[PDB]
Structures are given as structure tokens and as C-alpha cells.
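So this block is my_file.json, JSON, C-alpha atoms and all ligand atoms:
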[["chain", "number", "residue", "atom", "x", "y", "z"],
["I", 7, "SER", "CA", 3.48, 4.84, -8.53],
["I", 8, "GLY", "CA", 3.17, 6.60, -5.14],
["I", 9, "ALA", "CA", 4.65, 6.53, -1.60],
["I", 10, "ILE", "CA", 3.81, 7.40, 2.08],
["I", 11, "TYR", "CA", 6.19, 9.83, 3.79],
["I", 12, "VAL", "CA", 5.98, 9.68, 7.63],
["I", 13, "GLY", "CA", 8.81, 10.97, 9.85],
["I", 14, "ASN", "CA", 12.20, 9.70, 8.67],
["I", 15, "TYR", "CA", 10.46, 6.93, 6.56],
["I", 16, "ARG", "CA", 9.26, 6.30, 2.99],
["I", 17, "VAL", "CA", 6.75, 3.43, 2.43],
["I", 18, "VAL", "CA", 6.40, 2.08, -1.12],
["I", 19, "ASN", "CA", 5.18, -1.09, -2.94],
["I", 20, "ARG", "CA", 8.09, -3.55, -2.68],
["I", 21, "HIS", "CA", 7.76, -4.38, -6.44],
["I", 22, "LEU", "CA", 8.28, -0.67, -7.32],
["I", 23, "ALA", "CA", 11.17, 0.08, -4.92],
["I", 24, "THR", "CA", 14.24, 1.84, -6.37],
["I", 25, "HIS", "CA", 18.01, 1.21, -5.94],
["I", 26, "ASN", "CA", 17.96, 4.11, -3.43],
["I", 27, "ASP", "CA", 15.15, 2.46, -1.44],
["I", 28, "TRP", "CA", 17.14, -0.81, -1.24],
["I", 29, "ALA", "CA", 20.40, 0.97, -0.28],
["I", 30, "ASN", "CA", 18.43, 2.76, 2.56],
["I", 31, "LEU", "CA", 16.29, -0.30, 3.52],
["I", 32, "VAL", "CA", 14.68, -0.35, 7.00],
["I", 33, "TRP", "CA", 12.23, -3.26, 6.51],
["I", 34, "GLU", "CA", 10.64, -5.20, 3.65],
["I", 35, "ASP", "CA", 8.09, -7.97, 3.40],
["I", 36, "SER", "CA", 7.50, -9.78, 0.08],
["I", 37, "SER", "CA", 4.33, -11.38, 1.46],
["I", 38, "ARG", "CA", 2.79, -7.86, 1.96],
["I", 39, "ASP", "CA", 4.31, -6.11, -1.13],
["I", 40, "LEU", "CA", 5.80, -3.46, 1.27],
["I", 41, "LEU", "CA", 9.22, -1.90, 1.57],
["I", 42, "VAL", "CA", 10.16, 0.88, 4.01],
["I", 43, "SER", "CA", 13.29, 3.01, 3.39],
["I", 44, "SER", "CA", 14.95, 5.89, 5.33],
["I", 45, "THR", "CA", 14.85, 9.61, 4.28],
["I", 46, "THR", "CA", 16.91, 12.66, 5.25],
["I", 47, "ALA", "CA", 13.87, 15.01, 5.19],
["I", 48, "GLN", "CA", 10.82, 14.73, 7.51],
["I", 49, "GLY", "CA", 7.38, 13.41, 6.51],
["I", 50, "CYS", "CA", 4.10, 14.76, 7.89],
["I", 51, "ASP", "CA", 1.63, 12.07, 6.75],
["I", 52, "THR", "CA", -0.55, 10.88, 9.57],
["I", 53, "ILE", "CA", -0.97, 7.11, 9.70],
["I", 54, "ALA", "CA", -4.44, 5.96, 10.79],
["I", 55, "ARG", "CA", -4.62, 3.72, 13.89],
["I", 56, "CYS", "CA", -8.18, 2.36, 13.56],
["I", 57, "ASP", "CA", -10.39, -0.44, 12.12],
["I", 58, "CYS", "CA", -12.23, 1.82, 9.56],
["I", 59, "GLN", "CA", -13.71, -0.13, 6.69],
["I", 60, "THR", "CA", -14.63, 2.98, 4.59],
["I", 61, "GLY", "CA", -12.38, 5.58, 3.03],
["I", 62, "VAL", "CA", -11.17, 7.32, -0.16],
["I", 63, "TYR", "CA", -8.42, 6.20, -2.54],
["I", 64, "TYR", "CA", -6.54, 8.00, -5.35],
["I", 65, "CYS", "CA", -6.83, 6.39, -8.81],
["I", 66, "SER", "CA", -4.11, 7.80, -11.14],
["I", 67, "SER", "CA", -5.62, 5.98, -14.18],
["I", 68, "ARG", "CA", -8.68, 8.24, -13.76],
["I", 69, "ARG", "CA", -7.01, 11.33, -12.08],
["I", 70, "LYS", "CA", -9.81, 10.94, -9.45],
["I", 71, "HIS", "CA", -10.41, 9.97, -5.83],
["I", 72, "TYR", "CA", -13.08, 7.34, -5.14],
["I", 73, "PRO", "CA", -14.93, 6.50, -1.92],
["I", 74, "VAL", "CA", -14.94, 2.77, -1.08],
["I", 75, "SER", "CA", -15.94, 0.18, 1.50],
["I", 76, "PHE", "CA", -13.04, -2.20, 2.07],
["I", 77, "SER", "CA", -12.50, -5.57, 3.77],
["I", 78, "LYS", "CA", -10.46, -6.32, 6.96],
["I", 79, "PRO", "CA", -6.71, -6.97, 6.40],
["I", 80, "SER", "CA", -6.35, -10.63, 5.39],
["I", 81, "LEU", "CA", -4.45, -13.39, 3.39],
["I", 82, "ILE", "CA", -5.69, -13.25, -0.21],
["I", 83, "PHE", "CA", -4.49, -15.23, -3.24],
["I", 84, "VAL", "CA", -2.78, -13.08, -5.94],
["I", 85, "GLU", "CA", -1.84, -14.41, -9.42],
["I", 86, "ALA", "CA", 1.76, -14.38, -10.79],
["I", 87, "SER", "CA", 3.52, -11.34, -12.39],
["I", 88, "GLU", "CA", 7.03, -10.22, -13.62],
["I", 89, "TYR", "CA", 7.54, -9.41, -9.85],
["I", 90, "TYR", "CA", 6.15, -12.43, -7.93],
["I", 91, "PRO", "CA", 5.06, -16.06, -8.39],
["I", 92, "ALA", "CA", 1.37, -16.83, -7.56],
["I", 93, "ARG", "CA", 0.97, -16.65, -3.73],
["I", 94, "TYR", "CA", -1.16, -15.49, -0.74],
["I", 95, "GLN", "CA", -0.45, -11.82, -0.01],
["I", 96, "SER", "CA", -1.03, -10.97, 3.68],
["I", 97, "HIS", "CA", -2.44, -7.76, 5.23],
["I", 98, "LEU", "CA", -4.43, -7.14, 2.01],
["I", 99, "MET", "CA", -7.83, -5.40, 1.85],
["I", 100, "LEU", "CA", -10.25, -5.47, -1.11],
["I", 101, "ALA", "CA", -12.79, -2.93, -2.37],
["I", 102, "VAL", "CA", -15.11, -2.84, -5.40],
["I", 103, "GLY", "CA", -13.45, -0.22, -7.59],
["I", 104, "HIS", "CA", -11.39, 0.60, -10.65],
["I", 105, "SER", "CA", -7.58, 0.13, -10.86],
["I", 106, "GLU", "CA", -4.86, -0.59, -13.48],
["I", 107, "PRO", "CA", -1.19, -1.75, -12.95],
["I", 108, "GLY", "CA", 0.17, 1.84, -12.77],
["I", 109, "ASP", "CA", -2.29, 2.62, -9.94],
["I", 110, "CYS", "CA", -0.09, 0.78, -7.35],
["I", 111, "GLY", "CA", 1.11, 3.34, -4.82],
["I", 112, "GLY", "CA", -2.10, 5.38, -4.70],
["I", 113, "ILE", "CA", -3.04, 6.23, -1.14],
["I", 114, "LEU", "CA", -6.18, 4.95, 0.67],
["I", 115, "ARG", "CA", -7.26, 7.24, 3.57],
["I", 116, "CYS", "CA", -10.05, 7.43, 6.20],
["I", 117, "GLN", "CA", -10.92, 10.43, 8.51],
["I", 118, "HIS", "CA", -8.00, 9.28, 10.80],
["I", 119, "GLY", "CA", -5.22, 9.37, 8.18],
["I", 120, "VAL", "CA", -3.40, 7.06, 5.76],
["I", 121, "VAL", "CA", -4.74, 3.47, 5.82],
["I", 122, "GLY", "CA", -2.62, 1.93, 3.04],
["I", 123, "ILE", "CA", -1.56, 1.87, -0.64],
["I", 124, "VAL", "CA", -2.91, 0.23, -3.84],
["I", 125, "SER", "CA", -1.09, -3.03, -4.35],
["I", 126, "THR", "CA", -3.37, -5.34, -6.46],
["I", 127, "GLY", "CA", -6.43, -5.20, -8.78],
["I", 128, "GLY", "CA", -8.45, -7.03, -11.38],
["I", 129, "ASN", "CA", -12.07, -7.87, -12.25],
["I", 130, "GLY", "CA", -13.56, -4.61, -10.88],
["I", 131, "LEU", "CA", -11.73, -5.13, -7.53],
["I", 132, "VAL", "CA", -8.87, -3.11, -6.01],
["I", 133, "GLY", "CA", -6.53, -4.32, -3.23],
["I", 134, "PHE", "CA", -4.74, -2.14, -0.62],
["I", 135, "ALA", "CA", -1.69, -3.17, 1.41],
["I", 136, "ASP", "CA", -2.61, -2.13, 4.98],
["I", 137, "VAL", "CA", -0.06, -0.08, 7.01],
["I", 138, "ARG", "CA", -2.09, 0.67, 10.23],
["I", 139, "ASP", "CA", -0.42, -2.17, 12.19],
["I", 140, "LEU", "CA", 3.12, -0.73, 11.57],
["I", 141, "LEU", "CA", 3.18, 1.22, 14.86],
["I", 142, "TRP", "CA", 6.97, 1.86, 14.60],
["I", 143, "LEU", "CA", 6.43, 4.20, 11.61],
["I", 144, "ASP", "CA", 5.56, 6.95, 14.16],
["I", 145, "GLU", "CA", 8.38, 6.31, 16.66],
["I", 201, "LIG", "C1", -3.55, -2.39, -9.39],
["I", 201, "LIG", "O1", -2.89, -3.49, -10.01],
["I", 201, "LIG", "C2", -3.52, -4.10, -11.06],
["I", 201, "LIG", "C3", -4.80, -3.79, -11.50],
["I", 201, "LIG", "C4", -5.35, -4.53, -12.53],
["I", 201, "LIG", "CL1", -7.03, -4.30, -12.92],
["I", 201, "LIG", "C5", -4.65, -5.52, -13.16],
["I", 201, "LIG", "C6", -3.37, -5.81, -12.73],
["I", 201, "LIG", "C7", -2.78, -5.12, -11.68],
["I", 201, "LIG", "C8", -1.37, -5.44, -11.24],
["I", 201, "LIG", "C9", -1.34, -6.34, -10.01],
["I", 201, "LIG", "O2", -2.35, -6.59, -9.38],
["I", 201, "LIG", "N1", -0.13, -6.83, -9.66],
["I", 201, "LIG", "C10", 1.13, -6.60, -10.39],
["I", 201, "LIG", "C11", 2.14, -5.94, -9.48],
["I", 201, "LIG", "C12", 2.31, -6.74, -8.18],
["I", 201, "LIG", "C13", 0.96, -6.98, -7.48],
["I", 201, "LIG", "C14", 1.14, -7.75, -6.18],
["I", 201, "LIG", "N2", 0.94, -7.08, -5.07],
["I", 201, "LIG", "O3", 1.46, -8.95, -6.19],
["I", 201, "LIG", "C15", 0.01, -7.66, -8.46],
["I", 202, "ZN", "ZN", -9.94, 5.32, 10.33]]

Could you express the structure from this file as C-alpha cells?
Ligand SMILES: COc1cc(Cl)ccc1CC(=O)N1CCC[C@H](C(N)=O)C1
Ligand SMILES: [Zn+2]
Amino acid sequence: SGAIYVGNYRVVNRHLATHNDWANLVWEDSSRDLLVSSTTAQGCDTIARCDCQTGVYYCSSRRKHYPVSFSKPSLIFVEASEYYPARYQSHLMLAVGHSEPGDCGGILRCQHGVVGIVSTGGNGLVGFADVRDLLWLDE
């Protein structure tokens, strides 16, 4: 679990969104595993606007932050689950690192702010759903 709170928005993994998130839906994209819902209170998380390929992510399964090098946002094949059939997930970035299913939602950050959230993993790899292209999160 885990979410990004910026302005009047909440960004979460689409597969972990709540009834409240869906009743306050702003935008969702199955192909990216993202859902954005509206909030009454303000969020102060700074979203990075950069092409950083290094950063730090939070791993709840280890109660630790890990530094990682990560790939450019791209279309990567992701195997089936109780949430999705097997498909290409877009805007996905991989790093060599530890993750487990309950790690989805952990934030990846660079020196410029929030880059994205944990969305996939397996085989010593961890995948992050990029959010740096969602320019409207600030305005
Ligand atoms: C961090 O997630 C891990 C990690 C490991 Cl090692 C093993 C399994 C998972 C879970 C995972 O990748 N899923 C299930 C939830 C939806 C995801 C998606 N974006 O399509 C795919
Ligand atoms: Zn950056």
C-alpha cells in the first residue's frame, strides 16, 4: 500500500483503489496501473519533472529505503494476476531490487521529488509506474 498526495489529488495503484477513490475518480488508466482521485485536504508532495534514472524507493517488506538505477518509462510485459490479465503495462520503469506484492504503493523519489510508485516486481526486479509526465497534477 501507499499513495502520492499532491494538491487536491491522491495517486494510487489502480488495483489497490478503494470505493472512495472510485466515487471521487479524476482519471484512471488500466494500462499504467494508475488511478487519481480528488481530496478535500491539500497535498504538499513535490512531483519531479525530470529524466533522472537514479533515486531511492521505500520497501515496506524490509522497512527500508533503497537506492536504485532505473530504466526509462516504457511498455513492459507483466504476467496475469487476480487484478489483470497478462498484458503490456505502459510508463513502467524497472530497477534491480527487492519487492513483494504488498510493496505496491511505495514511493520512488530523486533529488527533484516524487518520480513514481511501486507497481510490479519479481525475479530480483522492481517496477515503478512513472508519474512525471502527469503535468496536470500540479495545476
Ligand atoms: C511488487 O509486486 C510484486 C512483487 C513480486 Cl516479487 C511478486 C509479485 C508482485 C505483484 C505484481 O507484480 N503484480 C500484482 C499486482 C498488479 C501488478 C500490475 N501492475 O499488473 C502486478
Ligand atoms: Zn529527478

Cut-off 10 Å: closest chain I/ligand LIG 201 (chain I) atom pairs per residue, using only C-alpha atoms and all ligand atoms, as JSON lines:
{"residue": "I:19", "atom": "CA", "partner": "I:LIG201", "partner_atom": "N2", "distance": 7.6}
{"residue": "I:20", "atom": "CA", "partner": "I:LIG201", "partner_atom": "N2", "distance": 8.3}
{"residue": "I:21", "atom": "CA", "partner": "I:LIG201", "partner_atom": "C12", "distance": 6.2}
{"residue": "I:22", "atom": "CA", "partner": "I:LIG201", "partner_atom": "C11", "distance": 8.4}
{"residue": "I:36", "atom": "CA", "partner": "I:LIG201", "partner_atom": "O3", "distance": 8.7}
{"residue": "I:37", "atom": "CA", "partner": "I:LIG201", "partner_atom": "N2", "distance": 8.5}
{"residue": "I:38", "atom": "CA", "partner": "I:LIG201", "partner_atom": "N2", "distance": 7.3}
{"residue": "I:39", "atom": "CA", "partner": "I:LIG201", "partner_atom": "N2", "distance": 5.3}
{"residue": "I:40", "atom": "CA", "partner": "I:LIG201", "partner_atom": "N2", "distance": 8.8}
{"residue": "I:65", "atom": "CA", "partner": "I:LIG201", "partner_atom": "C1", "distance": 9.4}
{"residue": "I:67", "atom": "CA", "partner": "I:LIG201", "partner_atom": "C1", "distance": 9.9}
{"residue": "I:83", "atom": "CA", "partner": "I:LIG201", "partner_atom": "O3", "distance": 9.1}
{"residue": "I:84", "atom": "CA", "partner": "I:LIG201", "partner_atom": "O3", "distance": 5.9}
{"residue": "I:85", "atom": "CA", "partner": "I:LIG201", "partner_atom": "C15", "distance": 7.1}
{"residue": "I:86", "atom": "CA", "partner": "I:LIG201", "partner_atom": "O3", "distance": 7.1}
{"residue": "I:87", "atom": "CA", "partner": "I:LIG201", "partner_atom": "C10", "distance": 5.7}
{"residue": "I:88", "atom": "CA", "partner": "I:LIG201", "partner_atom": "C10", "distance": 7.6}
{"residue": "I:89", "atom": "CA", "partner": "I:LIG201", "partner_atom": "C12", "distance": 6.1}
{"residue": "I:90", "atom": "CA", "partner": "I:LIG201", "partner_atom": "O3", "distance": 6.1}
{"residue": "I:91", "atom": "CA", "partner": "I:LIG201", "partner_atom": "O3", "distance": 8.3}
{"residue": "I:92", "atom": "CA", "partner": "I:LIG201", "partner_atom": "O3", "distance": 8.0}
{"residue": "I:93", "atom": "CA", "partner": "I:LIG201", "partner_atom": "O3", "distance": 8.1}
{"residue": "I:94", "atom": "CA", "partner": "I:LIG201", "partner_atom": "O3", "distance": 8.9}
{"residue": "I:95", "atom": "CA", "partner": "I:LIG201", "partner_atom": "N2", "distance": 7.1}
{"residue": "I:96", "atom": "CA", "partner": "I:LIG201", "partner_atom": "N2", "distance": 9.8}
{"residue": "I:98", "atom": "CA", "partner": "I:LIG201", "partner_atom": "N2", "distance": 8.9}
{"residue": "I:103", "atom": "CA", "partner": "I:LIG201", "partner_atom": "CL1", "distance": 9.3}
{"residue": "I:104", "atom": "CA", "partner": "I:LIG201", "partner_atom": "CL1", "distance": 6.9}
{"residue": "I:105", "atom": "CA", "partner": "I:LIG201", "partner_atom": "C3", "distance": 4.8}
{"residue": "I:106", "atom": "CA", "partner": "I:LIG201", "partner_atom": "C3", "distance": 3.8}
{"residue": "I:107", "atom": "CA", "partner": "I:LIG201", "partner_atom": "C2", "distance": 3.8}
{"residue": "I:108", "atom": "CA", "partner": "I:LIG201", "partner_atom": "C1", "distance": 6.6}
{"residue": "I:109", "atom": "CA", "partner": "I:LIG201", "partner_atom": "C1", "distance": 5.2}
{"residue": "I:110", "atom": "CA", "partner": "I:LIG201", "partner_atom": "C1", "distance": 5.1}
{"residue": "I:111", "atom": "CA", "partner": "I:LIG201", "partner_atom": "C1", "distance": 8.7}
{"residue": "I:112", "atom": "CA", "partner": "I:LIG201", "partner_atom": "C1", "distance": 9.2}
{"residue": "I:123", "atom": "CA", "partner": "I:LIG201", "partner_atom": "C1", "distance": 9.9}
{"residue": "I:124", "atom": "CA", "partner": "I:LIG201", "partner_atom": "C1", "distance": 6.2}
{"residue": "I:125", "atom": "CA", "partner": "I:LIG201", "partner_atom": "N2", "distance": 4.6}
{"residue": "I:126", "atom": "CA", "partner": "I:LIG201", "partner_atom": "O2", "distance": 3.3}
{"residue": "I:127", "atom": "CA", "partner": "I:LIG201", "partner_atom": "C3", "distance": 3.5}
{"residue": "I:128", "atom": "CA", "partner": "I:LIG201", "partner_atom": "CL1", "distance": 3.4}
{"residue": "I:129", "atom": "CA", "partner": "I:LIG201", "partner_atom": "CL1", "distance": 6.2}
{"residue": "I:130", "atom": "CA", "partner": "I:LIG201", "partner_atom": "CL1", "distance": 6.8}
{"residue": "I:131", "atom": "CA", "partner": "I:LIG201", "partner_atom": "CL1", "distance": 7.2}
{"residue": "I:132", "atom": "CA", "partner": "I:LIG201", "partner_atom": "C1", "distance": 6.3}
{"residue": "I:133", "atom": "CA", "partner": "I:LIG201", "partner_atom": "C1", "distance": 7.1}
{"residue": "I:134", "atom": "CA", "partner": "I:LIG201", "partner_atom": "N2", "distance": 8.7}
{"residue": "I:135", "atom": "CA", "partner": "I:LIG201", "partner_atom": "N2", "distance": 8.0}

Legend entry - Selection within 8 Å of ligand ZN 202 (chain I) by all atoms listed in the file, output as an MDAnalysis selection string: chainID I and resid 54:61 115:119 121

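From CA of residue 140 in chain I back to CA of residue 62 in chain I, the distance works out to 20.2 Å.
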
Legend entry - For CA of residue 80 in chain I and CA of residue 35 in chain I, the interatomic separation in Å (one decimal): 14.8 Å

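Of the residues under consideration (I:47, I:53, I:82, I:17), I:17 shows the shortest atom-to-atom contact distance to residue 32 in chain I when counting only C-alpha atoms.
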
Legend entry - Cut-off 8 Å around (7.0, 12.4, 5.8) with all atoms listed in the file: residues as an MDAnalysis selection string: chainID I and resid 10:16 47:51

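Taking CA of residue 79 in chain I and CA of residue 97 in chain I as the two end points, the separation is 4.5 Å.
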
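Residues with any atom within 8 Å of residue 77 in chain I, counting only C-alpha atoms and excluding same-chain neighbours fewer than 6 positions away, are residues 59, 99, 100 and 101 of chain I.
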
Inset, instruction - Taking (8.5, 7.7, -4.5) in the file's own coordinates, collect the residues within 7 Å, counting all atoms listed in the file, and hand them back as a ChimeraX atom specification. - result: /I:8-9,18

For range 118-131 of chain I, where the input has fewer atoms than it should, I would like N, CA, C and O atoms rebuilt and written as a CSV table (one decimal), keeping the file's coordinate frame.
chain,number,residue,atom,x,y,z
I,118,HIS,N,-9.1,9.3,9.8
I,118,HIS,CA,-8.0,9.3,10.8
I,118,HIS,C,-6.6,9.4,10.2
I,118,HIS,O,-5.6,9.4,10.9
I,119,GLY,N,-6.5,9.3,8.8
I,119,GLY,CA,-5.2,9.4,8.2
I,119,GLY,C,-5.0,8.3,7.1
I,119,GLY,O,-6.0,7.7,6.6
I,120,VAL,N,-3.7,8.0,6.8
I,120,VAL,CA,-3.4,7.1,5.8
I,120,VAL,C,-3.7,5.6,6.3
I,120,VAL,O,-3.1,5.3,7.3
I,121,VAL,N,-4.4,4.9,5.5
I,121,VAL,CA,-4.7,3.5,5.8
I,121,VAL,C,-3.8,2.5,5.1
I,121,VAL,O,-3.3,1.5,5.7
I,122,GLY,N,-3.5,2.8,3.8
I,122,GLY,CA,-2.6,1.9,3.0
I,122,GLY,C,-2.5,2.4,1.6
I,122,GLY,O,-2.8,3.5,1.3
I,123,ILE,N,-1.8,1.6,0.8
I,123,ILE,CA,-1.6,1.9,-0.6
I,123,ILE,C,-2.1,0.8,-1.6
I,123,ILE,O,-2.0,-0.4,-1.3
I,124,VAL,N,-2.5,1.2,-2.8
I,124,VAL,CA,-2.9,0.2,-3.8
I,124,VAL,C,-1.8,-0.7,-4.1
I,124,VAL,O,-0.6,-0.3,-4.2
I,125,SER,N,-2.1,-2.0,-4.2
I,125,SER,CA,-1.1,-3.0,-4.4
I,125,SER,C,-1.5,-4.1,-5.4
I,125,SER,O,-0.6,-4.6,-6.1
I,126,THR,N,-2.8,-4.4,-5.5
I,126,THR,CA,-3.4,-5.3,-6.5
I,126,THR,C,-4.7,-4.8,-7.1
I,126,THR,O,-5.3,-3.8,-6.7
I,127,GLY,N,-5.2,-5.5,-8.1
I,127,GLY,CA,-6.4,-5.2,-8.8
I,127,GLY,C,-6.8,-6.2,-9.9
I,127,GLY,O,-5.9,-7.0,-10.3
I,128,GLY,N,-8.0,-6.1,-10.3
I,128,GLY,CA,-8.4,-7.0,-11.4
I,128,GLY,C,-9.9,-7.4,-11.2
I,128,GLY,O,-10.3,-7.5,-10.0
I,129,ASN,N,-10.7,-7.5,-12.3
I,129,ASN,CA,-12.1,-7.9,-12.2
I,129,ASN,C,-13.0,-6.9,-11.5
I,129,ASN,O,-14.1,-7.3,-11.0
I,130,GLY,N,-12.7,-5.6,-11.6
I,130,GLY,CA,-13.6,-4.6,-10.9
I,130,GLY,C,-13.3,-4.5,-9.4
I,130,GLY,O,-14.0,-3.9,-8.7
I,131,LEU,N,-12.2,-5.2,-8.9
I,131,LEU,CA,-11.7,-5.1,-7.5
I,131,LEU,C,-10.4,-4.4,-7.4
I,131,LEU,O,-9.6,-4.6,-8.4
